[PDB]
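Read through the structure below, which is laid out as structure tokens, and then see the notes.
Start at 1 and go down the list; that is how both ligands and their atoms are numbered. Computed over heavy atoms, backbone and side chain alike; hydrogens, waters and symmetry mates excluded. To find a chain, count down the sequence lines: A is the first, B the second, and so on, and within it residues start at 1.
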Protein chains: 4
Amino acid sequence: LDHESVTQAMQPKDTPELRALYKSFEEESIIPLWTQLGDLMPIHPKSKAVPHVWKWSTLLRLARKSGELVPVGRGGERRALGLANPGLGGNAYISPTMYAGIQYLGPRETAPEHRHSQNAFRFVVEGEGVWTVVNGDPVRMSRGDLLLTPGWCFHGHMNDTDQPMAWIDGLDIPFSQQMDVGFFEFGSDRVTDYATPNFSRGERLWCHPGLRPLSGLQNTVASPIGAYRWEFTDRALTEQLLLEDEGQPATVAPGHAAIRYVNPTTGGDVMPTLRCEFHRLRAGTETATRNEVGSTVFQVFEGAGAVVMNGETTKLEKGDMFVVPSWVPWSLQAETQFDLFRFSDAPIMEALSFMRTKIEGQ
Amino acid sequence: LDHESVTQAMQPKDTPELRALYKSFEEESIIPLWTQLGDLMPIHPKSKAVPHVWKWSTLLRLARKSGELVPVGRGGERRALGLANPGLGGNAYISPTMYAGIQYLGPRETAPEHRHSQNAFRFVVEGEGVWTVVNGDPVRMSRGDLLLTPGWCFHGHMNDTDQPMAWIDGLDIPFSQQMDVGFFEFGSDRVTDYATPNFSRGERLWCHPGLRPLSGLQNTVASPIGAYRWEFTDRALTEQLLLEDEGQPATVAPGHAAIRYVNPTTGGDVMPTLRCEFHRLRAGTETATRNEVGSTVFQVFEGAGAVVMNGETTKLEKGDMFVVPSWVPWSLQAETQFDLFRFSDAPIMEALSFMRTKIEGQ
Amino acid sequence: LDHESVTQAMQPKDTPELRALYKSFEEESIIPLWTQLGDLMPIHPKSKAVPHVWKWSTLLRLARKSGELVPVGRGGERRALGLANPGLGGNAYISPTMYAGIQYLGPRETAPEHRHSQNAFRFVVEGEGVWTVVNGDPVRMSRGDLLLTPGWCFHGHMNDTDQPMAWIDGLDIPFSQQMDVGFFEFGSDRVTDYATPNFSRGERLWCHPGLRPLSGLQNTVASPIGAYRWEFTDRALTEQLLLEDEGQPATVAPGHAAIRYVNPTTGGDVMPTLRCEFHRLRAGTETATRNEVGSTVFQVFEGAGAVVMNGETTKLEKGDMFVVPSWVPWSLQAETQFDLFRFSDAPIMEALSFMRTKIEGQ
Amino acid sequence: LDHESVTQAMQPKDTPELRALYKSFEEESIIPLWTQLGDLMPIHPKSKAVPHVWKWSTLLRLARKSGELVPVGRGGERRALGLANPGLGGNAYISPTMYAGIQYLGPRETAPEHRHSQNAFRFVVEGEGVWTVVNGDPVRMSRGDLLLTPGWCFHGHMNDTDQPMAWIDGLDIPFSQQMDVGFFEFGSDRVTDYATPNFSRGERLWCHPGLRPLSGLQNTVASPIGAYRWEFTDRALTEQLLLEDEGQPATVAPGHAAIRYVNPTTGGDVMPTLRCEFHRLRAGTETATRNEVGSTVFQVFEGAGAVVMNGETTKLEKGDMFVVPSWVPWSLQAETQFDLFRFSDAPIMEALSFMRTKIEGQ
Ligand SMILES: O=C(O)c1cc(O)ccc1O
Ligand SMILES: O=C(O)c1cc(O)ccc1O
Ligand SMILES: O=C(O)c1cc(O)ccc1O
Ligand SMILES: O=C(O)c1cc(O)ccc1O
């Protein structure tokens with residue numbers, strides 16, 4: 001049974017006294033339950049957000065043009081283009097939980113030192129030689145690099161070359177706004193440290209596999225790894241595929257290599273509200289259909305193939321971004337070898353025990 | 001500095017080419033960051049919900065009248081009156097995270113066996129001899145009793161007497177709706193077990209202080225205590241006040257006794273999304289002003305006194321309910337001995353490391 | 001295969017040069033592996049301690065006589081009689097991990113305020129009106145009461161009546177000695193607070209089922225419950241048996257009711273090194289045979305029946321105590337209703353992932 | 001005050017009746033507390049084990065000679081030379097908790113596939129081209145490499161060259177024997193997989209910094225990293241020293257670089273009972289004196305310098321090994337740059353809340 005076909009027993013006699021009680025409800029800020037239980041409590045998630053794809057060539061065109069018409073600054077903070085879900089009523093929200101944005105930084109430009117409670121990351125698909133300084137620690141950016149900017153950490157963005165750089169912001173702005181959890185402070189209009197060191201202190205303490213500095217024995221809520229570089233991400237994915245060739249367990253599913261970016265102090269997610277993963281599918285691979293609670297977003301990093309969402313196949317190229325709202329059945333099909341970057345609100349669904357998963361063949 | 005007075009550097013020249021790019025934004029579901037950073041990222045939480053009080057005598061009048069005009073049933077599920085925040089745009093939400101409701105159950109009436117992912121509790125200020133059956137386990141209800149109804153547990157409500165009963169629902173419906181996390185199923189139109197045992201199985205395994213059944217060694221995400229009875233709550237609060245008389249640490253603050261309802265398997269909160277507490281202030285007590293992230297709601301259980309919210313003192317009687325949205329400075333003043341029941345979304349703010357606290361004298 | 005029948009390939013030619021190398025080993029503090037792998041690394045635990053029973057009437061006789069011949073004091077600290085395992089080479093160790101002792105306190109006598117790192121508890125089978133003061137907090141003692149005395153907490157013992165009292169100490173002295181973990185300090189020769197309050201502060205904050213004081217929100221490594229009283233222990237066990245009569249899950253095994261004493265801040269064990277449980281078997285009940293890693297000890301609190309250890313049935317009366325060393329197969333058989341108190345080193349085996357369990361019918 | 005000078009009040013009158021009660025004690029396996037509280041409960045740890053150094057050139061000489069006189073085999077399992085503490089009564093125990101051993105494996109020799117509950121690691125100071133197969137996964141060994149062999153994992157050792165190899169075993173045999181926690185099984189006399197792959201599967205899934213395979217989302221009690229290679233260990237230590245040159249936090253103490261080997265699924269220790277660290281001191285560095293609960297052991301990997309234990313300076317060269325029993329004050333002084341490998345029983349002291357630390361300048 002469901003909400004579209006269950007017997008509605010309460011439906012009250014439309015008398016003067018009834019309408020007067022309803023007038024009374026309006027006055028006293030009361031809304032009766034009966035007239036809407038179903039809206040409030042669906043059979044399964046039925047998101048206001050809608051599955052949607054953004055074409056990279058489109059995003060690029062509008063990003064370059066923004067580069068012409070407007071400087072990056074101080075009220076607006078970033079020349080960034082936020083992907084707004086058609087189903088979310090004009091809000092700059094790619095899902096109810098996440099903001100997803102393309103930030104363009106033109107030659108020699110800078111962004112200034114700020115912090116907010118909202119958790120953030122920067123993912124670079126094309127570009128080079130911009131540097132984000134986090135809590136004073138300059139973190140070089142380049143193709144394939146995930147940089148983190150966990151909540152309440154100072155950060156600003158200096159471009160060291162005559163080249164523009166395009167990256168994606170991901171944040172829990174939509175969660176943080178709706179739940180009243182936001183704080184924000186100012187730092188400097190120049191980035192705090194103009195130095196351009198090829199690797200960051202955080203990297204240099206923390207990017208040694210299976211090793212922990214004795215000066216860093218305390219666990220952290222977010223990750224101290226300022227950058228997860230393309231190289232390591234690439235090699236991990238390749239080994240998983242080589243291991244598969246060799247008949248050893250590694251891949252998540254046949255032909256489907258994948259890793260999660262993690263906080264090394266805990267082995268858990270990079271930040272309290274956001275999970276990041278990277279996936280490499282072999283040419284020909286088609287993932288089982290999944291329904292998962294919460295929203296995820298992917299960007300095609302390399303290769304060619306397709307998503308299916310609610311049964312609708314959309315063809316996908318390098319750079320394209322799509323969102324799968326809560327519970328929408330989704331799968332991915334690689335034409336060539338298909339490299340994809342992923343973020344979701346899953347750590348929220350998981351901390352609060354709201355997660356569920358339906359997979360096709362089980 | 002803040003968002004009302006920082007220099008806005010980006011403000012682009014209003015040319016034809018600019019307006020064309022903006023037209024282009026609308027078409028492609030893009031919203032640029034610059035025109036609204038401040039809305040998105042405030043200096044501190046600035047909730048859409050508003051501090052509000054509901055007068056019990058008012059809620060009672062409208063609840064009784066609902067008892068006349070409408071039966072409790074099957075589409076509408078409950079004859080319950082939801083406290084809607086004036087600041088939340090018509091939604092039946094007392095805060096962005098919580099639903100708060102007054103449910104009236106008339107003589108001999110029943111509610112039927114359902115379950116949903118949404119977490120729930122039932123708190124009885126006046127009434128007797130209704131019974132909620134949880135996963136088949138009948139749980140008697142009476143003045144002062146917190147009953148839990150954790151997510152995904154079957155539940156229905158049979159009234160064993162010619163008396164009406166009034167209680168409050170509290171749920172994370174507003175969280176669960178906005179985050180797309182809701183599921184819902186049907187059970188029976190009679191409650192599953194008409195038996196009326198004076199205490200429930202859960203109570204009888206789990207309400208022995210400092211003792212755990214060896215058949216219940218596994219930890220749970222929600223509490224197995226079906227009911228936290230007035231008696232124990234009352235005695236705890238009294239002892240804390242006696243201990244204070246005796247010069248021993250106990251009270252949270254001078255004259256301010258208080259306890260948190262807990263999951264005994266973990267010592268943590270009753271449910272993943274909701275904290276419940278009970279407070280007893282001595283006559284004359286005035287709490288330090290607090291700002292806390294997330295929303296809380298209180299109901300005056302006994303006595304007389306006042307709240308101050310944003311500096312506005314409101315006088316309060318037995319049964320009244322008020323909400324303090326995220327970050328609104330609040331304090332409480334007891335005229336007589338002031339007993340109050342409390343719920344909040346704090347376990348969410350805390351799991352996700354979003355919590356902060358400003359207290360007056362420190 | 002095993003160590004008694006595997007081929008020994010290394011066995012070196014007994015030449016002058018070999019004996020010279022062995023002489024050399026002795027000199028340099030070297031012991032070669034080859035000559036003893038099997039001693040060092042058995043097929044399954046093969047404890048030096050031996051299953052043993054102590055007859056209460058025996059312990060009582062020797063305790064009273066100790067009462068005549070010797071006062072309780074200041075070097076010797078306690079007039080206590082420690083159960084020494086025949087297999088543990090003269091040490092006052094009931095198992096390799098635990099000390100088990102019967103302490104006699106005669107009329108009007110006191111013990112003085114000390115503390116040590118070693119974790120301790122006091123369990124009273126017969127007696128009344130002695131009081132242990134813990135960190136200044138007087139904790140009354142009587143038949144059935146478990147008192148805790150966690151490591152590094154000051155404690156002393158005043159007897160308020162013309163009656164002697166007999167209880168059992170349990171401690172991790174044998175663990176703490178062998179692992180070099182012991183510290184010890186002095187407090188007073190009178191107990192710190194001669195007052196005799198019928199319940200202790202700790203009880204009065206913490207013994208309210210499912211409730212936590214807001215002044216005690218921090219988790220603890222040991223339990224803040226100073227006393228787990230007979231009443232609650234008794235009622236818990238009875239309810240589990242009533243629930244069984246009623247066809248509801250409760251008992252661990254058919255006719256076998258049981259509870260674990262717990263730290264309410266965590267739901268975990270009372271102390272880092274020691275687990276305490278209480279068991280009530282129905283007349284006729286015979287438990288499945290178990291092998292568990294680590295040692296346990298039981299005292300018959302009420303009733304009559306038997307243990308089987310390595311196949312040897314021993315008949316048991318009120319007060320008797322037996323130990324089951326690591327991995328010895330054991331079971332219990334109730335003739336009448338059989339009440340038993342239990343402690344083990346299981347939290348150690350469990351924290352370090354050394355635990356295993358073999359049960360007969362599975 | 002202490003146990004050498006506190007008043008001994010109990011000392012009973014030596015009468016016939018007293019001696020008869022004592023005779024009675026012996027018969028009934030009772031040992032009275034009074035006559036020995038102080039032995040049992042010292043003021044601070046006073047270990048039976050003694051600070052001791054083993055000279056590498058000595059260990060090497062006896063290891064080579066063992067290579068002549070005896071083959072590695074099947075009863076004796078390993079041609080390994082265990083460092084026995086003079087203070088531990090003939091047992092092959094370097095401390096009460098740990099076994100420390102030097103294993104010699106001659107040309108073309110193998111060890112066979114076994115497993116035991118006891119946790120183990122292999123650390124190579126000099127040697128190359130031996131391979132330990134763990135649960136079928138061949139793990140190459142070379143200078144500076146820590147290999148893990150967590151409890152209950154099959155393992156055997158094949159030497160692929162005409163060269164001998166010398167390494168150290170470290171195990172919790174002494175803990176496991178004394179606490180009755182040991183199990184042991186047989187596998188094959190050839191290692192299971194003669195293949196010699198330059199890196200192991202475990203490495204290849206798990207040695208990518210800040211990355212986790214989605215096929216390995218479950219946490220583990222021991223580490224899945226089969227090998228922590230010299231390279232990464234070396235670079236980590238160097239960066240910490242470069243960071244210090246650059247005025248950035250990194251080192252534990254001035255001139256004192258250091259890392260802990262960790263389980264990447266948790267950020268915690270490599271195994272439940274054993275901590276491993278590596279330290280690199282700058283020439284001239286002298287560490288503050290420490291007292292720590294539990295025993296540690298170090299091996300000088302490179303450089304030259306000294307330890308001080310109970311005030312006794314001993315000079316130290318490449319390969320030397322020393323043990324610091326529980327609570328012995330210790331410090332380290334580098335003459336040249338001083339590289340050292342370290343293991344301890346600290347995870348035990350820490351899980352059970354027995355740890356304490358006294359440091360000189362605080
Ligand atoms: O700092 C950033 O790059 C940033 C970018 C956004 O699109 C939104 C919020 C931010 O703080
Ligand atoms: O079952 C209830 O009593 C209930 C009451 C509400 O006001 C909202 C949702 C519910 O499930
Ligand atoms: O304080 C006690 O009652 C005690 C009794 C013992 O048998 C051994 C150590 C102790 O500290
Ligand atoms: O497998 C080994 O290399 C080993 C070595 C030892 O010295 C002691 C126990 C072992 O299992």
* By side-chain contact (heavy atoms from CB on, under 4.5 Å) - contacts of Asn159(A) (at least two apart) -> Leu105(A), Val130(A), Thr161(A)

* To do: Just jot down the side-chain contact (heavy atoms from CB on, under 4.5 Å) partners of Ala92(A), sequence neighbours excluded, or say none.
  => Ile31(B), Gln36(B)

* To do: Evaluate the side-chain proximity of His155(B) to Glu113(B): yes if any heavy-atom separation is below 4.5 Å, no if none is.
  => no

* Asked: Does some side-chain heavy atom of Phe184(A) sit less than 4.5 Å from a side-chain heavy atom of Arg115(A)?
  -> no

* **First-shell residues of ligand 3 [heavy atom, distance under 4.0 Å]** => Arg78(C), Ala80(C), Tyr99(C), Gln103(C), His114(C), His116(C), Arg122(C), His155(C), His157(C), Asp169(C), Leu171(C), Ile173(C), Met41(D)

* Under the side chain to side chain donor-acceptor pair (under 3.5 Å) criterion, do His114(A) and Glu77(A) qualify, and how do the steps go? -> CA-CA 9 Å; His114(A) 73 219; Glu77(A) 214 54 25; 3.0 Å; yes

* **With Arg122(A) via salt bridge (charged side-chain N to carboxylate O under 4.0 Å, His left out) - residues at least two apart** => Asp169(A)

